[PDB]
Amino acid sequence: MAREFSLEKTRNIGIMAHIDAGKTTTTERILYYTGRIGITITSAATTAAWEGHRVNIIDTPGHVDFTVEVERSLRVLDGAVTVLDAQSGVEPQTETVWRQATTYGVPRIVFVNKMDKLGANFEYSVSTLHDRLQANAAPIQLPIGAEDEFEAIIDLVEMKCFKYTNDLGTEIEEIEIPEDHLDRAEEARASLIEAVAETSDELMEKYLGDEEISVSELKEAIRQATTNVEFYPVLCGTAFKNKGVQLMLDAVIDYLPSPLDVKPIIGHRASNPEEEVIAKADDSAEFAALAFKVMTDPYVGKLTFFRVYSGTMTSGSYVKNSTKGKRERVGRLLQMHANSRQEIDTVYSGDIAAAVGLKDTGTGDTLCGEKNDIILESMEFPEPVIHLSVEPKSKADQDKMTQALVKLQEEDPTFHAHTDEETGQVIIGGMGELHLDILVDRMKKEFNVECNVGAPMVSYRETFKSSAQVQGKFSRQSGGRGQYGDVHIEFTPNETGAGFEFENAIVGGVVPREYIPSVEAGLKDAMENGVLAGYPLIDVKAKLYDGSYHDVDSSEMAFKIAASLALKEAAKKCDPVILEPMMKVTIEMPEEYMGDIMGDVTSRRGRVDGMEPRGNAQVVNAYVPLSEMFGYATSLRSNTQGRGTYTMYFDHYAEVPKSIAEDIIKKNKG
Amino acid sequence: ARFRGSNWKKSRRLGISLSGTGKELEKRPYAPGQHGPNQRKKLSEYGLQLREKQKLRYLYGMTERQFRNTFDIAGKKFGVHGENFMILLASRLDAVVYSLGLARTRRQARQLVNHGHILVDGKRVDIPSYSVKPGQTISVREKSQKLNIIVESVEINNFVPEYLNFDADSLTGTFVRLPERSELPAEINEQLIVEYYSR
RNA sequence: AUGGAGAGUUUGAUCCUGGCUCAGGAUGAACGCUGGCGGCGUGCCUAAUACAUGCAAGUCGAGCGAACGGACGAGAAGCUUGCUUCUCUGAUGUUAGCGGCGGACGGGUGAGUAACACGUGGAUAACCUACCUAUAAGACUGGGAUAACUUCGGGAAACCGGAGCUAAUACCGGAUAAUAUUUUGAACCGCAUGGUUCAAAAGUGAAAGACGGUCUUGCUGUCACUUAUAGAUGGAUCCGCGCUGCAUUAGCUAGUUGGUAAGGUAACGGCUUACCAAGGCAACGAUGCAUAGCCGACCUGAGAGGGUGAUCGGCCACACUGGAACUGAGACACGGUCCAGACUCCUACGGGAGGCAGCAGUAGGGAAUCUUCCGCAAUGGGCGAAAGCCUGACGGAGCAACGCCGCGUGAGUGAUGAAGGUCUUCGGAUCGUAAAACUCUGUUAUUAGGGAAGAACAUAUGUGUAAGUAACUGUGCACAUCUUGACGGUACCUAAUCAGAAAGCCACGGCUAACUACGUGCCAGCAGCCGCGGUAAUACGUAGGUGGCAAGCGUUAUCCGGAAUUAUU
Ligand SMILES: CC(=O)O[C@H]1C[C@@]2(C)[C@@H](C[C@@H](O)[C@H]3[C@@]4(C)CC[C@@H](O)[C@@H](C)[C@@H]4CC[C@@]32C)/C1=C(\CCC=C1CCCC1)C(=O)O
Ligand SMILES: Nc1nc2c(ncn2[C@@H]2O[C@H](COP(=O)(O)OP(=O)(O)O)[C@@H](O)[C@H]2O)c(=O)[nH]1
Ligand SMILES: [Mg+2]
Ligand SMILES: [Mg+2]
Ligand SMILES: [Mg+2]
């Protein structure tokens with residue numbers, strides 16, 4: 001009938017932070033407080049009510065291995081609460097999530113958790129916000145007490161102190177600020193006002209006039225700056241001991257935006273990709289929503305969690321999957337609460353819900369009205385950083401393995417699986433060692449496909465280092481009509497990357513013009529098979545300069561065999577060598593780790609091509625063997641405290657060292 | 001009508017003036033298409049049977065499925081299969097209207113009946129496929145009694161077959177009896193069509 | 001007479017033999033490309049796989065007691081004569097409970113079954129049958145309980161246990177009463193057993209009240225009740241014949257075949273059990289193995305035949321797997337009970353609950369098959385005297401070109417053969433009356449009005465008339481009057497506006513309807529079969545043109561045909 005909460009009262013927020021910062025604890029406390037006048041997290045997004053406002057909460061993982069979840073949640077979320085450990089402030093994964101939120105233009109409020117922990121330092125945490133992140137963040141509260149002494153929070157906007165008498169989170173005393181901390185509170189309020197004025201010109205003039213800022217005016221200025229993503233309010237508390245959670249929820253209501261306050265969304269028509277459609281938060285508009293999560297619930301079946309941007313949609317109706325270009329029957333609509341799931345007949349713009357019954361709808365898909373044909377902007381996820389050759393222990397489960405891989409790829413955009421033609425192995429790519437390990441265990445148990453993983457095999461190549469004239473003669477004339485072929489070919493090392501080059505220096509028709517293409521084909525076929533270790537021969541110039549032919553016996557196959565024999569003799573005489581792929585690796589990291597990165601590069605048998613500043617970090621360019629690049633992400637993260645990132649692409653082939661080439665030859669022989 | 005293609009090209013293909021005027025065959029009596037002119041190939045027997053069937057079908061402006069169904073029911077009627085098929089084709093409301101002369105063209109009569117300007121026994125009939133029977137009357141809708149197209153067509157005193165008795169003053173025709181082969185067009189060899197549908 | 005077409009391919013060429021392939025019809029179809037509408041149908045063929053969630057079987061107060069509510073309307077004045085209690089009377093009603101009936105129907109599925117399972121034709125002198133209808137005789141006289149309810153106790157719950165009290169159309173004793181049962185006399189009759197009817201004795205078997213009328217110290221109307229007899233309905237058994245592959249399945253059988261006796265069942269019978277004998281089946285295919293629900297029908301064929309067993313109807317079988325009984329007229333019982341087993345869920349660990357092959361839906365499998373809809377208004381069913389309540393049967397909406405059928409995507413004049421694409425002997429040819437322009441129409445679409453039938457009714461109310469009564473109510477019937485529609489303001493009709501929204505698919509070497517150009521060059525590719533592609537390809541890819549169809553067109557799979565290629569014809 002009528003939506004229980006308006007667009008102005010709806011709040012979509014995500015909790016994000018470094019590992020173990022307290023995301024889950026904060027989410028649990030939020031749900032507990034919202035659900036009072038057995039909290040679980042299996043639901044992708046939880047719906048609650050706070051002070052007449054609907055709040056959708058998505059709790060995110062911290063590990064860089066699971067950055068896909070953060071990406072896909074920030075895509076559909078409106079605001080974020082960034083939790084910081086009080087003792088350490090901003091950490092590497094704090095930086096990563098902050099950068100993702102900045103890329104998606106999501107307003108954020110910082111929450112300094114773990115104030116009760118030994119070493120807690122609110123000032124240090126704020127300073128880390130300023131330095132590590134380069135963020136215009138200012139406190140809107142001050143903690144009275146640190147560690148076990150932490151007992152009160154001074155709201156600076158209204159200069160009011162709250163005292164917590166117990167860890168139960170109840171019986172909070174609203175009192176006036178103590179005199180000893182009054183001066184510090186006033187200084188903090190002045191700093192906050194200056195920080196907001198740096199973004200607001202009118203407030204800047206009002207403050208320069210020395211007039212007293214109204215509470216409402218200051219709150220409006222903070223809301224404007226936050227929603228513009230120019231200011232970051234910083235709060236403090238301890239979710240474990242129930243201090244500051246109510247204030248954090250109040251700040252969420254006051255400063256984080258609504259589906260109206262957020263910037264609009266742009267999409268493309270299916271038939272008119274160039275056409276641009278703006279999907280504003282309007283119930284009366286056509287229905288367009290983005291499916292951001294897909295899971296399976298053992299009781300209701302497949303759940304498709306989607307966020308509605310524009311329009312409305314009622315359960316028991318038909319929608320269009322524009323991305324797939326098909327029709328979907330929305331049979332049931334569910335919303336997950338702290339303790340139970342509730343069936344809801346309608347979903348309006350700016351709501352996160354779950355559809356039951358959708359088939360062939362994946363994350364990032366658009367669900368639009370049947371008549372409409374809009375397609376919202378999808379999500380771009382990082383490319384794999386680690387690759388492993390996987391293989392089932394029992395070949396009888398290979399089909400199960402393929403199906404499991406497909407399902408896992410559908411469930412997780414960042415996990416990829418592909419077959420390598422040259423080596424034939426199935427390679428799994430992921431965001432990190434932890435990601436791939438979790439996926440392997442999941443395949444072993446959930447799908448009952450036991451698999452073993454290893455370093456992927458590297459496809460090598462061969463080449464001729466020395467030139468030589470050679471002759472191939474194949475003469476089987478034992479009886480009747482026989483088989484004759486003769487060639488004299490000069491093999492020369494071609495310039496690397498130039499490929500195979502066949503030259504026809506035949507004079508006088510010694511080799512009939514009919515058979516020359518056969519000679520070239522024989523050379524190509526014989527070079528495909530390796531002459532030293534079975535790997536393809538490349539970058540060679542073969543000049544057919546002389547030969548013989550018997551008119552009755554000579555034939556295409558005979559000439560191809562002669563060319564192959566010539567190639568064999570040339571391999572004997574030209575000292576072939578083994579080449580290996582060399583990757584152009586670009587490593588970006590803070591300058592303080594440049595020495596470690598370059599040392600690791602040279603230890604990987606690569607060479608440092610150069611260095612150059614970029615933004616506030618450094619970039620190192622190097623060439624490393626693909627074989628030696630195995631497991632590079634883990635080493636890079638250990639060297640850079642998780643702050644380093646890299647890319648690698650094929651660059652060229654280079655000669656393998658003596659010992660490595662001998663080992664490869666021995667392995668291929670036996 | 002359902003077929004909206006070049007009736008002149010169809011007439012040129014089939015070697016018959018589907019309209020009956022002959023305008024199509026007057027200038028270029030050869031087949032359409034790039035190879036139309038200088039065409040001298042000879043048709044096989046199957047080709048001849050197909051051409052005869054297509055001649056009749058495009059003459060009466062029917063689709064293949066309905067044409068086949070009409071052929072089946074005509075075969076189920078007592079008598080000569082080809083003659084019965086031809087008389088049944090004539091007994092269609094389109095054919096009866098065209099013969100009465102309420103329109104100059106068969107397609108025009110089809111559009112008239114489709115848009116409902118005709119009434120049989122004083123009742124509307126929108127389906128050109130309607131099969132008229134002896135003892136019935138075809139009239140015109142009062143709101144359309146003074147249509148320019150119908151009045152202009154009635155002005156031209158076209159021949160009215162013996163099996164129809166028409167009064168232009170009232171725009172009222174009567175289907176007196178079933179047609180005969182002589183009354184029906186002689187440019188069609190119904191035996192070829194019978195053999196075509198035999199195989 | 002109502003009915004029957006062939007073609008390619010073995011060769012240097014030939015005739016014959018012979019297989020292979022194609023042209024046809026069909027589908028619960030799927031896929032590819034495409035896609036306007038309406039009507040009527042059809043839509044898990046796979047996993048008889050497992051199932052969340054909602055619903056799919058109740059009804060009767062005119063059988064029964066008890067409880068909720070307590071109208072109309074009893075008493076004091078708090079001086080608030082409009083609000084007050086219990087000391088009353090207490091109506092229309094409602095319900096937890098006992099009791100009756102229903103739940104064995106309706107609906108789902110095809111696992112099992114090679115069998116009197118099914119079809120067809122018979123037989124039962126070997127049978128059972130609630131509710132329904134008709135006739136005859138009755139419905140008398142007594143009794144003890146127990147649900148409900150109250151109280152205590154035990155359990156998480158399910159539910160139990162103890163004590164106290166209370167009804168009946170619940171139960172029980174007794175009287176009277178049989179064609180029922182025994183015995184002795186008969187008469188007639190049939191098909192062995194026997195069947196029919198007439199006598200005389202012995203033993204024994206029932207029941208109830210409810211709501212009304214009247215002249216109310218006694219008769220009577222409707223429903224309900226018991227017994228006997230018939231009818232009707234439903235069920236059961238037996239038998240002839242028909243009904244599938246394999247012999248690289250030839251022997252099978254010991255309660256087996258028969259008899260005597262007993263038990264058992266509605267009923268005959270080795271149905272079962274004791275004793276006597278050694279029988280019984282089988283090349284006319286026993287036994288075994290494999291497969292299968294059967295049929296009306298459906299597809300195909302000129303026919304003879306061949307193939308199939310969706311939808312709809314009949315019959316059979318089954319209800320997580322296996323066994324068993326109780327209740328009941330009827331079950332060895334889909335949404336009942338008990339046990340065992342496998343599997344879900346709750347538990348306080350002692351114990352409990354459950355079974356979508358009902359309607360939606362979920363997961364899974366799959367090439368693939370629908371929405372967790374509206375309504376009992378029509379038909380039908382259960383209870384009731386009836387009003388009425390229940391009914392995922394059913395009646396209707398939603399989804400799907402899945403099929404068939406119907407109508408569209410314009411109609412007329414239009415040479416001036418416009419422009420442009422393609423080819424070209426550079427003359428021109430073709431797309432082409434096609435286009436443009438003019439004229440018209442509104443199927444259809446849009447907007448606004450009018451708006452069916454499906455509705456019979458039942459019940460209620462007046463009037464009569466038939467049986468019976470002393471009379472009356474009532475009963476049946478006849479004629480009358482108000483009231484009942486989810487679909488749905490849907491179909492359809494009327495008026496106005498615009499050719500404006502509405503054409504794609506395959507093929508063009510022969511079979512086989514339809515040929516040119518360019519690109520490629522035994523590559524890329526095509527192909528149903530013969531084959532096509534190595535530089536001037538009607539066979540590949542594109543283009544123009546053409547052919548066949550058209551909201552469909554092709555591909556694939558399967559069956560019959562062509563195949564006289566299992567030949568009875
Ligand atoms: C916020 C939240 O609850 O994150 C959860 C959800 C989470 C992100 C999970 C990590 C991982 O299993 C994830 C992947 C990518 C795994 C591969 C695929 O199975 C996909 C479908 C899958 C999707 C999400 C998932 C299930 C979480 C998580 C980390 C758990 C902790 C640790 C693991 C080892 C170190 C300690 C967390 O609690 O932070
Ligand atoms: N001392 C302290 N520990 C806390 C606080 N909040 C959370 N923790 C603990 O820190 C850990 C973080 O756990 P969790 O909430 O799962 O964090 P996440 O990894 O960010 O999701 C847990 O051991 C919490 O008990 C806090 O305010 N103080
Ligand atoms: Mg967590
Ligand atoms: Mg079976
Ligand atoms: Mg039952």
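Quick note on labels: first sequence line is chain A, next is B, and so on, each numbered from 1. Note: hydrogens, waters and symmetry copies are ignored here, and every other heavy atom, side chains too, is used.
Regarding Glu152(B), its CD atom lies at a distance of 9 Å from the P atom of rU413(C), rounded to whole Å. Taking atom CZ of residue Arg124(B) and atom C1' of nucleotide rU443(C), one finds them 8 Å apart after rounding to whole Å. Regarding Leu50(B), its CG atom lies at a distance of 7 Å from the P atom of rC549(C), rounded to whole Å. Residue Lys41(B) contributes atom NZ, which lies 9 Å from atom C1' of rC515(C) at whole-angstrom precision. Taking atom CD of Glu64(B) as the reference point, atom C1' of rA551(C) lies 16 Å away to the nearest angstrom. Taking atom NE2 of residue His35(B) and atom P of nucleotide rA513(C), one finds them 16 Å apart after rounding to whole Å. Note: CZ (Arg12(B)) to P (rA429(C)) measures 12 Å, nearest angstrom. Per the geometry, CD belonging to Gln54(B) stands 10 Å off P belonging to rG547(C), to the nearest Å.
The stretch residues 66-85 of chain B participates, sequence neighbours left out, in these ring-ring contact (aromatic ring centres under 6.0 Å, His included) pairs: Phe67(B)-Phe85(B), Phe71(B)-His81(B), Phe71(B)-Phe85(B), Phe71(B)-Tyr197(B). Residue pairs meeting the side chain to side chain donor-acceptor pair (under 3.5 Å) criterion with at least one partner in residues 510-529 of chain A, sequence neighbours excluded, are absent.
Bases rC79(C) and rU80(C) do not qualify as stacked neighbours, criterion being ring centres under 5.5 Å and ring planes under 30°. Stacking check, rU555(C) with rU556(C): both criteria met, centre separation under 5.5 Å and interplanar angle under 30°. Neighbours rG384(C) and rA385(C) do not stack on each other, since their six-membered rings do not meet both centres under 5.5 Å apart and planes tilted under 30°. Under the 5.5 Å and 30° stacking definition, the step from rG28(C) to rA29(C) does not qualify as stacked. Under the 5.5 Å and 30° stacking definition, the step from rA7(C) to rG8(C) qualifies as stacked.
Between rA290(C) and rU244(C), both key atom distances fall under 3.5 Å, giving a Watson-Crick or G-U wobble pair. In this structure, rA393(C) forms a base pair with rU379(C), meeting the Watson-Crick or G-U wobble definition at 3.5 Å. The bases of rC373(C) and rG417(C) do not line up as a Watson-Crick or G-U pair with both contact lengths under 3.5 Å. Nucleotide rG375(C) is annotated as paired to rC394(C) [Watson-Crick or G-U wobble, both distances under 3.5 Å]. A Watson-Crick or G-U wobble pair links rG388(C) to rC383(C), both relevant atom distances lying under 3.5 Å. Taking 3.5 Å as the upper bound for both contacts, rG63(C) pairs with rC98(C) in Watson-Crick or G-U wobble fashion. Residues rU229(C) and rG408(C) show neither Watson-Crick nor G-U wobble pairing with both defining distances under 3.5 Å. Residues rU260(C) and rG521(C) show neither Watson-Crick nor G-U wobble pairing with both defining distances under 3.5 Å. Under the 3.5 Å cutoff applied to both distances, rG242(C) and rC118(C) qualify as a Watson-Crick or G-U wobble pair. Base-pair annotation: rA452(C) with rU9(C) fails the Watson-Crick or G-U wobble criterion (two N/O distances, each under 3.5 Å).
Judged by distance alone, the side chain of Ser144(B) and the main-chain N or O of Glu142(B) form no donor-acceptor pair under 3.5 Å. Here the side chain of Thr40(A) pairs a donor or acceptor atom with the backbone of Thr42(A) at under 3.5 angstrom. A donor-acceptor pair is defined here as one N or O able to donate and one able to accept, closer than 3.5 Å; no such pair exists between the side chain of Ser198(B) and the backbone of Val194(B).
Closest to the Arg141(B) side chain, of the nucleotides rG432(C), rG442(C), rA513(C), is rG442(C). Comparing atom distances between the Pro37(B) side chain and each of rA363(C), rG432(C), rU430(C) picks out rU430(C) as nearest. In this structure, the nucleotide among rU516(C), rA52(C), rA495(C) sitting nearest to the side chain of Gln34(B) is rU516(C). Which of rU430(C), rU372(C), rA415(C) sits closest to the side chain of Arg329(A) comes down to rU372(C). Closest to the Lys27(B) side chain, of the nucleotides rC431(C), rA434(C), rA415(C), is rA415(C). Across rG417(C), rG361(C), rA550(C), the shortest atom-to-atom separation from the side chain of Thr63(B) is found for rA550(C). Closest to the side chain of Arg199(B), from the set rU371(C), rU422(C), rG4(C), is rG4(C). Comparing atom distances between the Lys143(B) side chain and each of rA495(C), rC431(C), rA52(C) picks out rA495(C) as nearest. Of all nucleotides listed (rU433(C), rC399(C), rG442(C)), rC399(C) comes nearest to the side chain of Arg327(A).
With no hydrogens or angles considered, no side-chain donor-acceptor pair links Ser394(A) and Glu450(A) at under 3.5 Å. Side-chain atoms of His268(A) and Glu275(A) form no donor-acceptor pair, as typed in the model, at a separation below 3.5 Å.
Looking at heavy-atom distances under 4.0 Å, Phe67(B) makes no contact with the nucleic acid at all. If you check every strand for non-hydrogen atoms under 4.0 Å, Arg28(B) touches a base. Residue contacts shown for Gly116(B) are absent, as no nucleic acid heavy atom lies under 4.0 Å away. Residue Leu43(B) is classed as a sugar-phosphate contact, given heavy-atom separations below 4.0 Å to backbone atoms only. Residue contacts shown for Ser44(B) are limited to sugar-phosphate atoms, with no base heavy atom under 4.0 Å away. Within 4.0 Å of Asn38(B), counting heavy atoms only, lies no atom of the nucleic acid at all. Across all strands shown, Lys77(B) has no heavy atoms under 4.0 Å from either base or sugar-phosphate atoms. Looking at heavy-atom distances under 4.0 Å, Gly75(B) makes no contact with the nucleic acid at all.
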Practice prompt. Treat primed atoms plus P, OP1 and OP2 as sugar-phosphate and everything else as base, then score nucleotides 401-411 of chain C 5' to 3': B for base contact with protein heavy atoms under 4.0 Å, S for sugar-phosphate contact only, - for none.
Written response: ----SSBBBBS
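For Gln49(B) against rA5(C), a side-chain N or O and a base N or O form a donor-acceptor pair under 3.5 Å.
Against the 90° criterion about 0, the sugar-base torsion of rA104(C) places it in the syn range.
A salt bridge does not link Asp397(A) with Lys395(A): every distance from a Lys NZ or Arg NE/NH1/NH2 to an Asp or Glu carboxylate oxygen is 4.0 Å or more.
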Practice prompt. Test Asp297(A) against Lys302(A) for salt bridge (charged side-chain N to carboxylate O under 4.0 Å, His left out), laying out the working first.
Written response: CA-CA 6 Å; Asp297(A) 185 292; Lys302(A) 188 151 66 179; over 6 Å; no
